[PDB]
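Reviewing the structure listed below.
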Amino acid sequence: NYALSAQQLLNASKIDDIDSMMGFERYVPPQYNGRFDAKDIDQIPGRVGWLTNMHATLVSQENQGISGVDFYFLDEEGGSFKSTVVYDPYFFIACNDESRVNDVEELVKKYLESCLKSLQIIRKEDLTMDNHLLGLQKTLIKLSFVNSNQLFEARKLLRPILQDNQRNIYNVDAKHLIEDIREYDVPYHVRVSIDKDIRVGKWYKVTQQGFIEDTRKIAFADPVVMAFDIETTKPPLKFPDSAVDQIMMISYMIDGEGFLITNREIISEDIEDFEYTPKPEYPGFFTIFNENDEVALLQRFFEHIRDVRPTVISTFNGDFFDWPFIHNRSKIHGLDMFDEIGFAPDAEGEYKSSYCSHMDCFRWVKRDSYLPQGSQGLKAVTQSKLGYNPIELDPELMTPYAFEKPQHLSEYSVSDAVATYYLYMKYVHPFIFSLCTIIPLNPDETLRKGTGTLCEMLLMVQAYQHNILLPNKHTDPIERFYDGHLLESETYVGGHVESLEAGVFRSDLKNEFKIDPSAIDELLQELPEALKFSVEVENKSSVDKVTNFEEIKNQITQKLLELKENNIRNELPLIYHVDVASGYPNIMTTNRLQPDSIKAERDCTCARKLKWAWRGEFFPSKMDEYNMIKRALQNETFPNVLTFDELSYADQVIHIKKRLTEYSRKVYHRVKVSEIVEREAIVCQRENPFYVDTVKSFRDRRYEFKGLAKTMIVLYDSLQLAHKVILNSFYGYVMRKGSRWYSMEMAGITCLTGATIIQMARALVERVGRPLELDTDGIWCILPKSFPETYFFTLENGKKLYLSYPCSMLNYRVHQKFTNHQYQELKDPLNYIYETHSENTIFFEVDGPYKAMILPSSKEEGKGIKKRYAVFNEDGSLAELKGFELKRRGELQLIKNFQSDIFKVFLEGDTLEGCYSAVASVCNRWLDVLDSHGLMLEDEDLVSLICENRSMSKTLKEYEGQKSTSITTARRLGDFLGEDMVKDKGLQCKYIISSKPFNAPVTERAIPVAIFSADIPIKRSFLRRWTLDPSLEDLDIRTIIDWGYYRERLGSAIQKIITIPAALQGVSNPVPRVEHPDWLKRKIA
DNA sequence: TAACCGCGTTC
DNA sequence: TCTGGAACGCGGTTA
Ligand SMILES: Nc1ccn([C@@H]2O[C@H](COP(=O)(O)OP(=O)(O)OP(=O)(O)O)[C@@H](O)[C@H]2O)c(=O)n1
Ligand SMILES: [Ca+2]
Ligand SMILES: [Ca+2]
Ligand SMILES: [Ca+2]
């Protein structure tokens, strides 16, 4: 009813009251009936402020509310204010016929009498419309409304008329010309922010005309920024519960000033003031508020937020723990957190306020940090991004340390707060607010929304600003068939990966090369052109201004000629990485790839016929058994009591696929059948390049960031990764569900074209050297030391121009075989003149030379290991480590600690055999611990090394009908500590494999490690039940551990990184205590 | 055995 | 409701 506007107006009245309490009274700008000129900004009457936030709202006439957006400002005088803007929400109607739009308009004027406020004829460009490249536009009816509810009230009324679309059959209505509705699902506050070009993070003069952007102001304003971490009482071996657990202490930092509140009914002593300063750039003075009760703690917390009026509250995982814990504690205690500090949970359950953004730094880590999930806890993030190791305390030991050593518990509390404040200010604050200047979202949404949604935001701004009609969101095809088979998956062949060699490759050991002579012949033929290519395209200069071109040319010709006569050679190597820079982006731009450019047979040489690969996974069942399964389901009854037809089409196909899955598993002994079909698609080179240019803009931006190559802050590159996070999702947005611009064809052209390029690079490197590993756009390789390497052109300006022949010899061939000579661009739009030119932004980059690269080998004959290796810089430091369990989250700590200790030893020795002998000494030492059943290890160190931690993605209940060590652990954790420990997601499952039950699967022998920290009577009872050994009396873990399972695991690793690779390099087993697979035993003969 | 799955990584 | 992609290692399951 109209009550929705009453509820929403009552919310807006309490928000206004809270805003005023926090210093955000509404500012109405002074009247001026004079002209608005940007140069007159100081003359126009108004208020100037830095935009920090923005929220949609409902306002009254100053009977139903009017939609608007409050904008929250920080003024130059240190104060603050908010200012509202009113804007009628709207969406469009498209027609089937443009000669009868007025007939359509009349009908809509009557059906939506109680909804419509305005109606207007708008013209927009439709990229799906014929001859739209010659100026043709689509006519639309723009329906406007007072507030957002009346818009949704219209959409509810138009759904009947849309779903329908009687007379004598023997020889139209105004309702049947309504085609679809467009731009109906744009979030209101985004619609306003886009139409008015208003962005958080920019300065404005709020005037009665509008917001006047003040480009003179360069820096951000300085908001009051606050961060806090809460520590609570925790049941031993169990998780905390707001229902029964109190808050020990809240620790927080306002603007570099640290504060700590203690609950004196849980904290055993009044704590005196102290300081925690980890690095001198992170100063932590801390003042303590030793309050007696939790009430006095929650109230001091609330009173302090009201005092400092903070516009940014930062947390670390505060949406899941801190905020809902404080909320529940305050509700138990009669406090209403909303009336206190204006904070409350929203639909997604996160905690937000109107006057203040809540910045959970965990959301930044997960999305934009480019950190492995095994390093996304606060401890790791602090080390990698802040540069110190913070205070640590066993969570099993926080609750009792409240009484025994209170100061120690407090030292941990401040540590969490100091890390969170400075992590926010040095990383999340600059990136999020700067991203708000280009993305029409408030800080809360810019921090949390998926990168795919950030891309749609950027693309919608371009579409609106070129008057391009938005496409509706993609609707997923519920069912699709191939050759009569139900497809369970449609996809494209993506990156090309190749393991080519394993073993140890090091700059101080010679390698055997066989140099194709025909390869050097070609390289000599293309050398002159490719050499001009380096100065004029790679370096953007002129061969005439060079002074050493022929010198360098002759020097390169010699090294190649020698390697032509002297083909077979045994010399020291050149370890190199070669990668295409912004590869997938540049491939799309070079080829002018955008979803609206992919078209089928149409009148529309703007061909760009490009190839992609289609892979389909279909049920082996034919359509006839599909119908049988359907009819069988129809004869069945489903719950909500519901016939199969009463169900939604999607739900029906879920059922059909499930029963079809079981039928194929029996009758066909399979579930899916894969078939790869090569396909071709047309890419028009004259389409509106709004998508292509949006990617081009962000790519050129990241080039600048990377161009900040320093040889004192490197955080510049800490943001180039940010541009990459957006660019990568620009390639993925085309396959995203619910996308407005979708084309599998475009994503497949990008992948297949990239594979073609990387295989061309490999095809020549193999004829000139030895390629080691290849993945998507990169190639790890070793080249002879006598191959032409680095050269500097001498310019008449005294300038020096880099030249890596190995790179430019490939770049020239790329620009010779993959250049788009069909790129067309609008020269003069007034008379529609298009001009064609050749475009190729695809370039390779080089890394190295590197001291050492270690590549592991498979346990299966012939196969290699992909996406895993270790590289070392010439100074001994670790350059790259990829794939190994050391980095991965939750692996057997023994393998992680063995790998950390083993890789650095691959640098010692003066021969390939001596390297393996030194690395084997470390292997035998680890084997000694496992064969010593941990005799020289403390029981604590042994559990740490022998425990494997796994994170259950979902809840145990959703894993029904499935067996896993994580499931068995979580089930056994429930039987011992209650069903409450298995309620939240992300359950970390720490377990140990037991020897008994003998002859039993590993999954049935996963004992949770928390049982060994339990009471001695509780220990035996559950161990007995889990070993199936009633006689059990000994409980030393050394007696229960299946030392053989752990020895086989250590052995598998030794075989893949050392023994089997050594055999492929000719060396004999360097760890005979680890025996070779039988196939390798046979090969030695 | 061959086919498949969950997790967490490299692109 | 909100929601970028595919290729790959490893240790387990099932029938
Ligand atoms: N999280 C990621 C990382 C990479 N890619 C894809 O992998 C391609 C190549 O990977 P990479 O070389 O890491 O990306 P580039 O953009 O080429 O970056 P760089 O300049 O470092 O080579 C990217 O273009 C992108 O399409 C992706 O889709 N998602
Ligand atoms: Ca904490
Ligand atoms: Ca790349
Ligand atoms: Ca790179």
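All values below come from the heavy atoms of this structure, side chains included, with hydrogens, waters and symmetry mates left out. Sequence lines set the chain letters: A, B, ... in the order given, protein chains first and strands last, and positions in each chain run from 1.
Residue A/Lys672 places at least one side-chain N or O closer than 4.0 Å to OP1 or OP2 of B/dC5. Regarding contacts with the backbone of B/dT10, every side-chain N or O of A/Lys867 stays at 4.0 angstrom or more from both OP1 and OP2. Between A/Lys887 and B/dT10 there is a side-chain polar atom (N or O) within less than 4.0 angstrom of OP1 or OP2. Dashed line: the shortest gap from a side-chain N or O of A/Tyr959 to OP1 or OP2 of B/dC7 is under 4.0 Å. For the OP1/OP2 pair of C/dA6 and a distance below 4.0 Å, the side-chain nitrogens and oxygens of A/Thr491 include at least one atom meeting the criterion. Taking side-chain N and O atoms only, A/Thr453 has a distance below 4.0 Å to OP1 or OP2 of C/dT3. For the pair A/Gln962 and B/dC5, the criterion of a side-chain N or O lying under 4.0 Å from OP1 or OP2 is not met. Under 4.0 angstrom from either OP1 or OP2 of C/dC2 there lies no side-chain N or O belonging to A/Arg736. Distances shown here put a side-chain N or O of A/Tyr1045 below 4.0 Å from the OP1 or OP2 atom of C/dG12.
Below the 3.5 angstrom threshold, one finds no donor paired with an acceptor across the side chain of A/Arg868 and the base of C/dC8. On a pure distance criterion of 3.5 Å, a polar donor-acceptor pair joins the side chain of A/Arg888 and the base of B/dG8. Below the 3.5 angstrom threshold, one finds no donor paired with an acceptor across the side chain of A/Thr1003 and the base of C/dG12.
Evaluation of the salt bridge (charged side-chain N to carboxylate O under 4.0 Å, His left out) rule for A/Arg191 yields A/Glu183, A/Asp195 as partners, not counting sequence neighbours.
The interatomic distance linking A/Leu752 (CG) with C/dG5 (P) rounds to 20 Å, in whole Å. Rounding to whole angstrom units, CD of residue A/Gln373 and P of B/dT10 are separated by 11 Å. Atom CD1 of A/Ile865 and atom P of C/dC10 are 4 Å apart (whole Å). With rounding to whole Å, A/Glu885 atom CD is found 18 Å from C/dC8 atom P. As rounded to whole Å, 20 Å separates atom P of C/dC10 from atom CG of A/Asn949. Between the CD1 atom of A/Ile895 and the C1' atom of C/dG9 there is a distance of 14 Å, given to the nearest Å. For the pair A/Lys896 NZ and B/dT9 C1', the computed distance is 13 Å after rounding to whole Å. When the P atom of C/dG11 is taken as reference, atom CG of A/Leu892 falls 10 Å away, rounded to whole Å.
Note on A/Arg367: nothing from the nucleic acid sits closer than 4.0 angstrom, heavy atoms only. Looking at heavy-atom distances under 4.0 Å, A/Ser953 makes contact with sugar-phosphate atoms alone, never a base. Among the protein residues, A/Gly732 comes within range of the nucleic acid bases, having at least one heavy atom under 4.0 Å from a base atom. Backbone-only engagement by A/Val493 is indicated by non-hydrogen atom pairs under 4.0 Å involving sugar-phosphate atoms exclusively. At the heavy-atom level, A/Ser739 lies nowhere under 4.0 Å from the strands shown. If you check every strand for non-hydrogen atoms under 4.0 Å, A/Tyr492 touches sugar and phosphate atoms only. A/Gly583 comes within contact range of no nucleotide atom at all, as no heavy-atom separation falls under 4.0 Å.
A salt bridge between A/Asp368 and A/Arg363 is absent, with no side-chain N of the basic residue lying under 4.0 Å from a carboxylate O of the acidic one. A salt bridge links A/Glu498 with A/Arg762; the closest basic N to acidic carboxylate O contact falls under 4.0 Å. Electrostatic pairing of A/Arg615 and A/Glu675 does not count as a salt bridge here, judged by no charged N lying under 4.0 Å from a carboxylate O.
Of all nucleotides listed (B/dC4, C/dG12, C/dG9), C/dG12 comes nearest to the side chain of A/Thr965. For A/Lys866, taking side-chain heavy atoms from C-beta onward, the closest of the listed nucleotides C/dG9, C/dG5, B/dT9 is C/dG9. Listed nucleotides C/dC10, C/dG11, C/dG4 differ in distance to A/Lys1056; the shortest reach to its side chain belongs to C/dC10. For A/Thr451, the listed nucleotide lying nearest its side chain is C/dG4; candidates were B/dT9, B/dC4, C/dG4. Distance from the side chain of A/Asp775 is smallest for B/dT10 among the nucleotides B/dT10, C/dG11, B/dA3.
Both tests hold for A/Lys366 against A/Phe362: distance to the six-membered ring centre under 6.0 Å, angle to the ring axis within 45°.
Judged by the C1'-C2'-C3'-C4' torsion, the sugar of C/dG5 sits on the north side, since the angle is positive. The torsion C1'-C2'-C3'-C4' is the criterion here, and for C/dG12 it is positive, giving a north pucker.
Place A/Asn728 and A/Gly494 on DNA chain C by their nearest nucleotides, and A/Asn728 ends up nearer the 5' end. Each of A/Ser964 and A/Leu454 lies near DNA chain C, and the nucleotide nearest A/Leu454 is the one positioned closer to the 5' end.
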Practice item. Please lay out, stage by stage, how A/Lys867 and A/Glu773 fare under the test salt bridge (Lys or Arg N to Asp or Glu O under 4.0 Å). Key: CA-CA 8 Å; A/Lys867 293 177 188 279; A/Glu773 196 247 1; over 6 Å; no

Could you list the donor-acceptor pairs under 3.5 angstrom formed by side chains in residues 992-1000 of chain A, with sequence neighbours left out?
unit_1	atom_1	unit_2	atom_2	d
A/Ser994	OG	A/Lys996	O	2.6
A/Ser994	OG	A/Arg1005	O	3.3

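When side chains are defined from C-beta on, A/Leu878 counts as touching A/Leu881, because their heavy atoms get closer than 4.5 Å.
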